Each structure stands twice: as C-alpha cells, then as structure tokens.
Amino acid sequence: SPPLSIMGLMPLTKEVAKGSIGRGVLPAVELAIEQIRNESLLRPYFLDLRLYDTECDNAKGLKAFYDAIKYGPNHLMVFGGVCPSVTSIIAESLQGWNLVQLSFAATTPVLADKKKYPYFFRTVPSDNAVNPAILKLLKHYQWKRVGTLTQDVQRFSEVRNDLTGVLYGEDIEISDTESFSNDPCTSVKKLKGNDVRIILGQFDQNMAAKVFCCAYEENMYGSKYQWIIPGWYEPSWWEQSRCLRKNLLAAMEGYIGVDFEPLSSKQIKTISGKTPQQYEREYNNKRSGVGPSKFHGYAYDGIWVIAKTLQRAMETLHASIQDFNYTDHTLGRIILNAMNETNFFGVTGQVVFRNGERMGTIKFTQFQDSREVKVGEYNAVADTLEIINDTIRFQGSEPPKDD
C-alpha cells in the first residue's frame, strides 16, 4: 500500500485565533479520508495527509512549508493555506517545487491572479464572489441606481474595486461612491444628500454598528431603503455610542447580508453517497468538543477534489508516481490539468473551477427583528438567483425604488 503524500498547511494551535478554522475542519477531513480509504478509491495507493502548523504567521508558516519539504515525505500537492498573507507567500512559490495547492479557507481575491499564483486552486468562493450574486439581486428587484459605502481597508476596497467591473455593461449606475476610515457618518450624510436608496456596504462588524447608528440619525432606513452588506458577521454582532439598541435595530431592519453558502440545501446524494444533511450529522458527531467551522464542507469537498485529481493523474500515467520529487515538471502539469477537470456534486454543491476559482453558491440573508434569516441563494455556475418565496420582506407595499 504505497502512500500518496499531501502537505497539509493550516493554523492548528489553540494559542493562535485562526487555529479554530484548522481544528474545526479536521473532523470533516478525517471523515473524507476514512471513506476514500475504506472504498479503496485510490487502490493500490492510500492518501497520506501530513499536517504542518503555519501558526497563521508569515515566518513560522514559511518555515513549516520548508521543513515539510526537507524532512517530510515527497508531497504531491498542498492542501490548505488559511491566513491570507501566509497563503500568498506559499501560493506564489508553488512552481519552484511543482506543487499544486488546493485551499478550503483562503478567500482573498488576490489569489485569483493566475500570473502570480498559477498552481493555486480553492474550493471556497473568494470575497469578490458576492458581486455577481448582488448584480442578480439588483436585476431581480429592478434596482438600476446604487450607492456604495466602503471601509478604507484592503479586504473591503478589493471588493468595491471588483464591483466596478461586474456592473460595467449592465444597466446599473453607481450614483455615489463613499469611503471612510474610522467614522462612517460623514459618508452616510453624503449618501443621504445624494438621495441614494440602495446601498452596497463593504465594512467590518465593528464599523457596521456605526454605519447603522448613522443610518438611524440620517433616517436612511425603512420602506424607502435597502442596505446590502457582508453576511459573514458573528451572531448577535450588534449586541456586543450615541445610539440606543432599539434605534440600531430599527435601522438594521431588513438589511440583506451576502456571503458564501457553507453547505448545499439540495437533499440530493453527493459523490460520497451522502446528502449534504447526512454529511452535516456525521460531521457534528465526529467533531465532539471541537467548535464547528463554516469551512468544514469546503475542507471535506477539498479532500474529494484531491482524491479525484490523483485518480485522473494515475489514469494519465497509465495511458502512457513514486519517482516524483519536486523536480518533475511533467507530473505537476498532469496534476494541474487533472484538477482543472474537477466536476462533481459535493456537500457545498457542484464543485467546479474557473481558472482556479470556485464557481459555487452565495447565500442571501435578511435581518428580521432579532436575527439574519436565509432569503435566497445564487448559483454561480448557472448565473441564477432563487429567492425564498415567503421569507424576504419590505416595510412598504412594494420593494423600494432606487430614486
């Protein structure tokens, strides 16, 4: 039973905050590995996932990668990269060791650049993947005029910059573009003054409470307004200076949140024989005391992407692995071409890549009285939107007008 070694890179230590992603996804990884092994899908071989802790740090992450090459077995590919600056360093160097990388949690749009990161793939949609979903939401409700409110931090300005290209050649005007660093009120007053009704917000959880306080003060809420903001904030994020909690909630009422879909809502059997719901129960049992992670399905599908890639790679060599050292350009190219062919129905929906980027599912939510409720989903492969019939609501007789 020869091994097919894989270099697992992720923060794993309790001392590191993003160690919760790496630990939260491992039961999902264990489940996928265990199944593939039982079924002897990679017969005669077996999947050998070796784990190395990056500690979510550039220097330690790089040393973990280097040590893995020096003292570890001959890895055929890299699985992981969670923290954006660590993943960028490893991803950029990949061709030096002919290593294809598959990430399940690095969402930074920067990684889509195939001139800089040609050997990098990811099962998770990037922070920019919400922009094609928002366009469909705007088209659905006949919102042709929008305003933008963006925090002056790279994570958010990347997203706003991508929105420009997504809305070009579409019948949607960005009538007002406003930026802020610490206080959004000046920009919120400018939006009000320019009579903006539909606002596309890109800012962190801390700034969101400030944005909605300014919205209450400027009366930028209710039947005439629609705020479309990030959907990745922690639950009860608002509860955690001039506004009252009741006034913040009144301004928050009806906001649409947008983020990737953690798992498929389709009750259909996936590549493993299990429905996403059956997988979710198996994951929740296996995790025990370890806190769940929203990337677990992306990590589970990631293992299946690797096993299916290795299968295609084994077929390509048989149509004409042990001898592969980081020296073999041809095998890295075979693996690279094999991964580009990925096309199966996973727990996160249909797993397909478009230039190393995941074509996946975007979830829409709406803040309704006390919490965010799912109101719809965007399928990036089909470029289609499905709104949940009797969930999404408006304070007026019709959804708001854009002017």
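Note that residue numbering follows the sequence shown and begins at 1. Take the two forms, find the largest set of C-alpha atoms that superpose within 1.5 Å, and that set is the rigid core.
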Legend entry - More shifted region, core-based fit in 9 other deposited structures of this protein, 260 to 268 vs 177 to 185 by CA: 177 to 185
Inset, instruction - Between 287 to 295 and 138 to 146, pick out the one whose C-alpha positions differ more from the shown form in 9 other deposited structures of this protein, using the rigid core for superposition. - result: 287 to 295
Legend entry - residue 87 coordinate gap across at least a third of other entries: no
Inset, instruction - Go through the other compared entries with residues on either side of residue 241 and state whether a third or more give it no coordinates. - result: yes
Inset, instruction - Check the residues of the deposited sequence separating residue 267 from residue 268 and report how many of them have no coordinates, as none, 1 to 3, 4 to 9, or 10 or more. - result: none
Legend entry - Interresidue gap class [residue 182, residue 183; deposited sequence, unmodelled]: none
Legend entry - Which of 297 to 305 and 269 to 277 has higher mean CA B factor, as the PDB entry lists it: 269 to 277
Inset, instruction - Pick between 307 to 315 and 156 to 164: the one whose mean CA B-factor in the entry is higher. - result: 307 to 315
Inset, instruction - Return the residue from 345, 46, 364, 52 that has the highest Cα B-factor in the entry. - result: 46
Inset, instruction - Sort 234, 259, 113, 204 by C-alpha B-factor from the entry and give me just the highest. - result: 234
Inset, instruction - Would you check the entry's CA temperature factor for residue 100 and let me know if it's in the chain's lowest, middle or highest third? - result: lowest
Inset, instruction - Place residue 254 in the lowest, middle or highest third of its chain's C-alpha B-factors, as listed in the PDB entry. - result: middle
Legend entry - Ranked against its chain, the third holding the CA B-factor of residue 37: highest
Inset, instruction - Can you work out whether the C-alpha temperature factor of residue 122 puts it in the lowest, middle or highest third of the chain? - result: lowest
Inset, instruction - Check where residue 79 lands among this chain's C-alpha B-factors and tell me if it's the lowest, middle or highest third. - result: lowest
